[PDB]
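Just below is one structure, and these are the notes that go with it.
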Amino acid sequence: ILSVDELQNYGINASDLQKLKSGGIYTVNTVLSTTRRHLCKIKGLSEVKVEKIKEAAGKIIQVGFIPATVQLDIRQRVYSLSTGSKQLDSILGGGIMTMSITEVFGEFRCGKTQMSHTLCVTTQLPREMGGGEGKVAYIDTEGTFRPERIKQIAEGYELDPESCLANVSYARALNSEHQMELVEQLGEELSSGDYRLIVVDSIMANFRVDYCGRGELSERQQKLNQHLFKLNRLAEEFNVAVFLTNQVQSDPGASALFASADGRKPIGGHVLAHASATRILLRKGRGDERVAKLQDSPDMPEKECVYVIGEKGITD
Amino acid sequence: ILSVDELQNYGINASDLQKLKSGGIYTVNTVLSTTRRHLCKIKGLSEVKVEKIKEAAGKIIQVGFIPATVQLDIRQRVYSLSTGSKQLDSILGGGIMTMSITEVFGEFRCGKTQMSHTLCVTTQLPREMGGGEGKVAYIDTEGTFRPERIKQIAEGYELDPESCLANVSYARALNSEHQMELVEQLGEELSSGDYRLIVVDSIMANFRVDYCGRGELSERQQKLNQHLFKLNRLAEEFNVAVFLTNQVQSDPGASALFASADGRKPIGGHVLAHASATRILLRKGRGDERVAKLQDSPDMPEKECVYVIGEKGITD
Amino acid sequence: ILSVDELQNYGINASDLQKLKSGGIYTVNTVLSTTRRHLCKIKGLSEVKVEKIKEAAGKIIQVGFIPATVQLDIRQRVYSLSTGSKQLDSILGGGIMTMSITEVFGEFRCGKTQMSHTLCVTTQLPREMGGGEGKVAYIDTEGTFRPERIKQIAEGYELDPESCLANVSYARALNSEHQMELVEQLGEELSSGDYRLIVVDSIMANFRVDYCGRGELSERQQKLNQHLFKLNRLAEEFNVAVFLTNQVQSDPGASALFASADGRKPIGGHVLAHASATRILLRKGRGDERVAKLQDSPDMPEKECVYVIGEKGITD
DNA sequence: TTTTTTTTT
DNA sequence: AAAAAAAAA
Ligand SMILES: Nc1ncnc2c1ncn2[C@@H]1O[C@H](COP(=O)(O)OP(=O)(O)OP(=O)(O)O)[C@@H](O)[C@H]1O
Ligand SMILES: Nc1ncnc2c1ncn2[C@@H]1O[C@H](COP(=O)(O)OP(=O)(O)OP(=O)(O)O)[C@@H](O)[C@H]1O
Ligand SMILES: Nc1ncnc2c1ncn2[C@@H]1O[C@H](COP(=O)(O)OP(=O)(O)OP(=O)(O)O)[C@@H](O)[C@H]1O
Ligand SMILES: [Mg+2]
Ligand SMILES: [Mg+2]
Ligand SMILES: [Mg+2]
């Protein structure tokens with residue numbers, strides 16, 4: 001995709017181009033999707049440079065009203081990534097859609113952190129297999145990124161492990177304000193390359209800790225909203241899917257609607273329920289088989305799939 | 001591992017270095033994994049000192065995107081500690097993995113407090129035996145730390161008791177807010193030395209008491225989450241394993257899923273189920289033989305091992 | 001042991017010292033083992049007084065990480081109290097260990113309320129006999145504290161009855177919320193004196209009644225946990241043993257594990273099974289001889305002893 | 001917006 | 001074989 005260098009020949013001459021890049025801006029799209037107010041906060045582009053930069057960036061491409069069908073076409077390069085269990089891919093429409101945020105929340109031992117590895121391995125398969133020719137970005141917020149698992153699943157999928165463990169990029173976010181730093185940089189590698197999905201285990205494992213009590217709740221939800229917006233924007237201007245794992249909390253309140261089943265009601269509140277495009281609840285079933293329920297999708301209606309997490313990732 | 005003195009020659013000059021250390025910060029890593037907001041709460045580093053400190057600490061080492069394989073390598077120094085029963089070490093992949101939290105929960109007389117002593121003794125064995133060249137930190141929240149047992153097990157393992165009883169460090173946490181104080185200090189001794197595992201008998205024996213009733217539940221779960229995060233962080237930036245013993249509660253609710261077996265459903269809720277990387281349920285079997293079931297691991301799938309707690313710790 | 005007056009000369013000046021004492025706090029240790037939150041609920045020490053009090057109390061003594069061996073030494077003053085039947089004292093390691101909770105549960109006529117008298121009398125013997133130079137605290141929750149029995153056993157042990165019946169302190173708890181009141185006060189007499197063991201016949205004889213039905217079960221288990229924690233703490237900061245008698249319930253459920261022997265499964269649930277350090281089951285044998293089985297100890301493994309309750313207490 | 005607890009006969 | 005109740009930042 002065109003970089004922030006194409007407009008370098010429009011008067012934007014790269015004296016401050018280093019300034020721009022340092023700010024994270026690497027593509028042209030990211031120049032259009034950045035508010036002026038935020039662009040005049042990078043210490044060296046005050047007012048007029050930003051006006052000329054925006055005039056240029058708009059001269060490259062236009063954002064008006066593509067009627068509806070040029071959209072349906074531009075919407076054809078979605079690369080629905082397979083999850084590994086035919087039933088689930090069928091209930092989701094083929095798998096994890098790209099240029100969108102897909103969230104998975106359930107109590108422990110539901111393998112919602114194993115679906116991450118299954119995707120990490122099943123994204124490097126030819127398009128006619130479910131994924132395709134894509135690297136992966138992985139942001140771990142609770143550890144548990146065992147590459148041994150990646151190699152096991154690769155071998156089980158008839159694929160050179162060494163190869164796959166090379167197309168993955170790993171980053172161990174340490175605290176919330178570092179997790180948010182990471183996405184900015186991530187805006188770079190996605191500028192030139194083939195990244196299909198970004199993965200965030202426990203999107204809120206950190207925020208749950210850096211902000212404790214309803215004394216600092218609002219300041220947490222606001223940071224979380226900014227973080228989720230940055231993601232949803234990346235996943236959109238790079239045709240990249242986003243996969244977030246979430247957690248569950250128990251409601252010590254009433255015994256209605258209905259009487260039981262506490263392993264629900266994810267954490268994050270509404271700021272995260274809205275931002276997520278697809279929601280999925282993973283529940284424990286019988287023996288070693290779990291139930292995946294769809295709860296919020298714009299394409300599908302609803303259903304319940306059953307899947308067993310075996311030795312080749314998520315299957316049945 | 002490098003201390004917080006290496007950057008002392010970067011402008012951080014140690015005028016306030018005592019301030020920093022008093023705050024618990026002893027290594028450089030701990031400087032990177034501490035949010036600014038929390039660092040400007042130590043009464044003497046307001047804004048700019050923290051900025052320069054972070055610039056320095058980042059100048060020493062980088063945290064970007066190690067692709068995947070440098071990870072698989074850096075992940076090679078795991079020191080899987082043996083538990084003492086070949087079958088169990090085989091079901092866990094070799095034993096208690098380091099840089100991770102392993103939880104063990106079951107009803108009384110399951111010796112989940114005896115596995116602690118068995119580890120305390122079996123951590124000081126050459127790596128080719130299961131542990132290796134490591135001291136031990138022990139935080140007792142219910143008493144029952146009989147060093148006599150440590151000496152008995154040592155003698156049974158052909159090892160100088162006096163020696164082992166010297167490489168152990170003991171602390172009797174008195175109340176929750178003291179148990180949480182202890183880990184901060186513990187951040188110090190782990191700065192320079194050879195500590196392999198930290199042990200916490202009844203991670204929640206105290207929290208269960210300092211906060212009674214669902215009137216103060218949330219305020220308990222939040223403190224517990226902070227405490228568990230601090231641990232998981234220590235165990236990660238020091239290549240040290242963490243071993244927590246938990247307790248069991250009975251569900252006076254329905255008679256489904258299935259009809260019986262009440263000695264399950266540990267306490268702590270979900271805040272502790274997520275934070276734990278490995279879960280293990282210890283159940284009473286026949287005669288003097290117990291059954292260890294694995295329930296949540298990122299490496300293994302699942303299995304049931306059988307072990308007898310004899311006079312040399314946990315064996316068969 | 002040092003009182004709460006030693007720190008009186010640290011700024012804590014005794015203006016509110018009466019406030020502190022009224023709260024039960026009499027020693028310094030009890031000041032360290034009391035959470036701040038609970039200390040700012042005594043109506044006259046809000047925030048700063050508690051901070052200075054804790055600073056002082058910590059200035060007297062330190063609680064860090066005594067490595068392991070200073071522990072094995074400080075653990076040398078255990079005063080294992082003899083029970084009266086050589087076989088039982090041998091199966092327990094010498095008798096009832098101090099600074100620990102020992103529970104005894106069995107069906108009626110097992111004399112689990114006679115072992116209480118036997119201890120009451122066999123605690124005032126020179127250390128080389130099994131007990132030693134200790135008064136006794138007795139909390140009766142079902143009556144049946146016949147001092148005549150105490151005098152009979154004393155005479156049988158070659159000891160001045162009048163003397164022993166003076167070193168005993170008796171309290172007839174009337175209801176649960178009074179039984180819990182009693183331990184607080186008890187925290188006083190143990191401040192200055194020689195008390196070796198505390199005794200509680202039917203630790204749950206009252207709780208079984210003040211809270212009926214699973215509608216108020218949780219509120220009963222929580223109070224019981226608080227009560228047991230207070231005990232375990234007293235028994236620890238005063239080198240005093242605790243001896244609890246329990247009761248038995250019958251399981252109208254299945255006929256497995258194995259088919260019979262209903263006189264087991266004590267009451268109290270798990271909140272009491274964990275808190276107890278040593279468990280013992282008293283069963284009826286042949287003629288006038290009972291069988292004592294050990295079930296949960298941190299020192300011993302396991303065994304079955306046989307003892308006959310004769311006219312000199314518990315013997316064979 | 002956050003946060004589960006507790007066997008009896 | 002069949003039994004519920006518990007708040008507070
Ligand atoms: N190769 C394997 N290694 C480890 N576990 C496996 C393997 N194959 C299957 N499993 C099983 O699959 C399940 C995986 O759980 P999973 O990783 O989804 O937990 P999680 O929900 O991601 O973690 P948490 O909920 O604690 O964040 C476990 O029950 C595990 O035992
Ligand atoms: N040397 C020994 N000393 C004491 N008990 C032993 C010994 N060897 C084996 N045992 C037995 O092993 C078991 C140990 O129980 P364990 O210490 O695991 O209880 P726990 O579950 O840790 O304690 P709790 O559940 O009360 O927190 C007991 O049944 C005990 O009798
Ligand atoms: N001097 C004595 N006076 C009374 N009974 C005695 C005496 N000596 C021996 N016994 C016998 O020893 C046994 C004592 O029973 P014990 O006092 O242990 O009952 P308990 O289990 O404590 O009470 P409960 O189970 O009702 O709470 C009885 O069988 C009793 O007849
Ligand atoms: Mg997980
Ligand atoms: Mg124990
Ligand atoms: Mg009795």
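Quick note on naming: the chains in the structure tokens go A, B, ... in the order shown, residues restart at 1 in each chain, and ligands are numbered from 1 in order of appearance.
Close contacts of stretch 210-219 of chain A, defined as residues with an atom at most 7 Å away when counting only C-alpha atoms (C1' of nucleotides), with chain neighbours fewer than 5 positions off set aside, comprise residues 176 of chain A; 222 of chain B; 9 of chain E.
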Which residues of chain C sit at most 8 Å from ligand 3, using only C-alpha atoms and all ligand atoms? Give each one's shortest atom pair and distance in Å (one decimal place), in chain and ascending residue order, as JSON lines.
{"residue": "C:106", "atom": "CA", "partner": "ligand 3", "partner_atom_place_in_ligand_line": "21 (O)", "distance": 7.0}
{"residue": "C:107", "atom": "CA", "partner": "ligand 3", "partner_atom_place_in_ligand_line": "25 (O)", "distance": 5.5}
{"residue": "C:108", "atom": "CA", "partner": "ligand 3", "partner_atom_place_in_ligand_line": "25 (O)", "distance": 3.1}
{"residue": "C:109", "atom": "CA", "partner": "ligand 3", "partner_atom_place_in_ligand_line": "15 (O)", "distance": 3.9}
{"residue": "C:110", "atom": "CA", "partner": "ligand 3", "partner_atom_place_in_ligand_line": "18 (O)", "distance": 4.2}
{"residue": "C:111", "atom": "CA", "partner": "ligand 3", "partner_atom_place_in_ligand_line": "18 (O)", "distance": 1.4}
{"residue": "C:112", "atom": "CA", "partner": "ligand 3", "partner_atom_place_in_ligand_line": "22 (O)", "distance": 4.2}
{"residue": "C:113", "atom": "CA", "partner": "ligand 3", "partner_atom_place_in_ligand_line": "22 (O)", "distance": 3.0}
{"residue": "C:114", "atom": "CA", "partner": "ligand 3", "partner_atom_place_in_ligand_line": "17 (O)", "distance": 4.5}
{"residue": "C:115", "atom": "CA", "partner": "ligand 3", "partner_atom_place_in_ligand_line": "18 (O)", "distance": 7.0}
{"residue": "C:142", "atom": "CA", "partner": "ligand 3", "partner_atom_place_in_ligand_line": "27 (O)", "distance": 7.8}
{"residue": "C:149", "atom": "CA", "partner": "ligand 3", "partner_atom_place_in_ligand_line": "1 (N)", "distance": 6.0}
{"residue": "C:152", "atom": "CA", "partner": "ligand 3", "partner_atom_place_in_ligand_line": "1 (N)", "distance": 7.5}
{"residue": "C:201", "atom": "CA", "partner": "ligand 3", "partner_atom_place_in_ligand_line": "27 (O)", "distance": 7.8}
{"residue": "C:202", "atom": "CA", "partner": "ligand 3", "partner_atom_place_in_ligand_line": "27 (O)", "distance": 7.1}
{"residue": "C:247", "atom": "CA", "partner": "ligand 3", "partner_atom_place_in_ligand_line": "27 (O)", "distance": 7.2}
{"residue": "C:288", "atom": "CA", "partner": "ligand 3", "partner_atom_place_in_ligand_line": "29 (O)", "distance": 7.7}
{"residue": "C:309", "atom": "CA", "partner": "ligand 3", "partner_atom_place_in_ligand_line": "9 (C)", "distance": 5.5}
{"residue": "C:310", "atom": "CA", "partner": "ligand 3", "partner_atom_place_in_ligand_line": "9 (C)", "distance": 5.0}
{"residue": "C:311", "atom": "CA", "partner": "ligand 3", "partner_atom_place_in_ligand_line": "8 (N)", "distance": 4.8}
{"residue": "C:312", "atom": "CA", "partner": "ligand 3", "partner_atom_place_in_ligand_line": "8 (N)", "distance": 7.6}
{"residue": "C:313", "atom": "CA", "partner": "ligand 3", "partner_atom_place_in_ligand_line": "8 (N)", "distance": 6.9}
Note to self: With 10 Å as the limit and counting only C-alpha atoms, what residues in chain C lie close to chain B? Please list them as number ranges by chain.
What the structure shows: C: 29-30, 32-38, 63-73, 75, 99-100, 214-215, 217-219, 222-223, 225-227, 229-230, 232-233, 236, 253-254, 257, 269-279, 295-302
Check: Using the chain letters and numbers from this document, which residues of stretch 10-157 of chain A does DSSP assign to helix (DSSP H, G or I), as a PyMOL selection string?
Finding: chain A and resi 17-22+29-32+36-39+48-60+69-74+86-91+114-122+127-129+147-156
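For the residues C:135, C:23, C:187, C:57, ranking by smallest atom-to-atom distance to residue C:9 using only C-alpha atoms places C:57 first.
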Margin query: Please check the contacts: residues of chain E at most 10 Å away from chain B, using only C-alpha atoms (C1' of nucleotides), listed as a list in words.
Written below: residues 3, 4, 6, 7, 8 and 9 of chain E
Could you turn the residues from that selection into a file that holds N, CA and C atoms (P, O5', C5', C4', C3', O3' and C1' of nucleotides), as a PDB file, in the first residue's frame?
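Listing of out-v4.pdb after writing:
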ATOM      1  P    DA E   3     -37.371 -28.910  47.550  1.00  0.00           P
ATOM      2  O5'  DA E   3     -37.285 -27.731  48.618  1.00  0.00           O
ATOM      3  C5'  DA E   3     -36.110 -26.947  48.704  1.00  0.00           C
ATOM      4  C4'  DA E   3     -35.495 -27.040  50.086  1.00  0.00           C
ATOM      5  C3'  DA E   3     -34.470 -25.967  50.386  1.00  0.00           C
ATOM      6  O3'  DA E   3     -35.113 -24.836  50.919  1.00  0.00           O
ATOM      7  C1'  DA E   3     -33.554 -28.074  50.889  1.00  0.00           C
ATOM      8  P    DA E   4     -35.400 -23.574  49.976  1.00  0.00           P
ATOM      9  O5'  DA E   4     -34.032 -23.393  49.176  1.00  0.00           O
ATOM     10  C5'  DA E   4     -33.636 -22.109  48.747  1.00  0.00           C
ATOM     11  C4'  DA E   4     -33.221 -21.256  49.926  1.00  0.00           C
ATOM     12  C3'  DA E   4     -33.625 -19.802  49.821  1.00  0.00           C
ATOM     13  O3'  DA E   4     -33.709 -19.224  51.105  1.00  0.00           O
ATOM     14  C1'  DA E   4     -31.281 -20.036  49.461  1.00  0.00           C
ATOM     15  P    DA E   6     -31.796 -12.115  52.196  1.00  0.00           P
ATOM     16  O5'  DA E   6     -30.432 -11.349  52.498  1.00  0.00           O
ATOM     17  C5'  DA E   6     -29.394 -11.380  51.544  1.00  0.00           C
ATOM     18  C4'  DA E   6     -28.053 -11.603  52.210  1.00  0.00           C
ATOM     19  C3'  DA E   6     -26.954 -10.662  51.737  1.00  0.00           C
ATOM     20  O3'  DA E   6     -26.806  -9.606  52.660  1.00  0.00           O
ATOM     21  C1'  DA E   6     -26.327 -12.884  51.294  1.00  0.00           C
ATOM     22  P    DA E   7     -27.124  -8.104  52.202  1.00  0.00           P
ATOM     23  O5'  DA E   7     -26.367  -7.977  50.806  1.00  0.00           O
ATOM     24  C5'  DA E   7     -26.114  -6.704  50.262  1.00  0.00           C
ATOM     25  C4'  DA E   7     -24.855  -6.110  50.851  1.00  0.00           C
ATOM     26  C3'  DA E   7     -24.950  -4.640  51.176  1.00  0.00           C
ATOM     27  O3'  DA E   7     -23.953  -4.290  52.111  1.00  0.00           O
ATOM     28  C1'  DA E   7     -23.808  -5.006  49.098  1.00  0.00           C
ATOM     29  P    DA E   8     -23.965  -2.833  52.787  1.00  0.00           P
ATOM     30  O5'  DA E   8     -22.831  -2.040  51.994  1.00  0.00           O
ATOM     31  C5'  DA E   8     -21.502  -2.525  52.006  1.00  0.00           C
ATOM     32  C4'  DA E   8     -20.709  -1.965  50.843  1.00  0.00           C
ATOM     33  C3'  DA E   8     -20.843  -0.452  50.634  1.00  0.00           C
ATOM     34  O3'  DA E   8     -19.578   0.165  50.746  1.00  0.00           O
ATOM     35  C1'  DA E   8     -20.960  -1.637  48.596  1.00  0.00           C
ATOM     36  P    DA E   9     -19.477   1.735  51.054  1.00  0.00           P
ATOM     37  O5'  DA E   9     -18.040   2.142  50.491  1.00  0.00           O
ATOM     38  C5'  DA E   9     -17.938   2.998  49.366  1.00  0.00           C
ATOM     39  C4'  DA E   9     -16.945   2.451  48.361  1.00  0.00           C
ATOM     40  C3'  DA E   9     -16.745   3.318  47.134  1.00  0.00           C
ATOM     41  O3'  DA E   9     -15.728   4.282  47.378  1.00  0.00           O
ATOM     42  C1'  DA E   9     -17.186   1.095  46.462  1.00  0.00           C
TER      43       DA E   9
END
Report as a tab-separated table the residues of chain D within 9 Å of chain B, each with its shortest atom pair and distance in Å (one decimal), using only C-alpha atoms (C1' of nucleotides), ordered by chain and increasing residue number.
residue	atom	partner	partner_atom	distance
D:2	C1'	B:218	CA	6.0
D:3	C1'	B:218	CA	3.9
D:4	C1'	B:269	CA	6.2
D:5	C1'	B:213	CA	7.6
D:6	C1'	B:250	CA	6.5
D:7	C1'	B:252	CA	5.9
Check: Any idea what's packed within 9 Å of stretch 12-14 of chain A, counting only C-alpha atoms (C1' of nucleotides), ignoring anything in its chain fewer than 5 positions away? Could you give it as a PyMOL selection string?
Finding: chain A and resi 5+7+19-20+49+52-53+56
Note to self: Please return, as a VMD selection string, all residues of stretch 86-155 of chain C that DSSP assigns to strand (DSSP E) on the basis of the backbone.
What the structure shows: chain C and resid 100 to 106 135 to 140
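The shortest atom-to-atom distance to ligand 6, with only C-alpha atoms and all ligand atoms taken into account, belongs to C:244 out of C:291, C:305, C:264, C:244.
Across the structure, atom CA of residue A:161 and atom 8 (N, counted along the ligand's line) of ligand 1 are spaced 17.1 Å apart.
When only C-alpha atoms and all ligand atoms are used to compute distances to ligand 1, the closest of the residues A:123, A:76, A:116, A:83 turns out to be A:116.
For the choices A:242, A:287, A:265, A:17, the atom-to-atom distance to residue D:1 is smallest for A:265 when using only C-alpha atoms (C1' of nucleotides).
Between atom CA of residue C:46 and atom CA of residue C:224 the interatomic distance comes to 28.2 Å.
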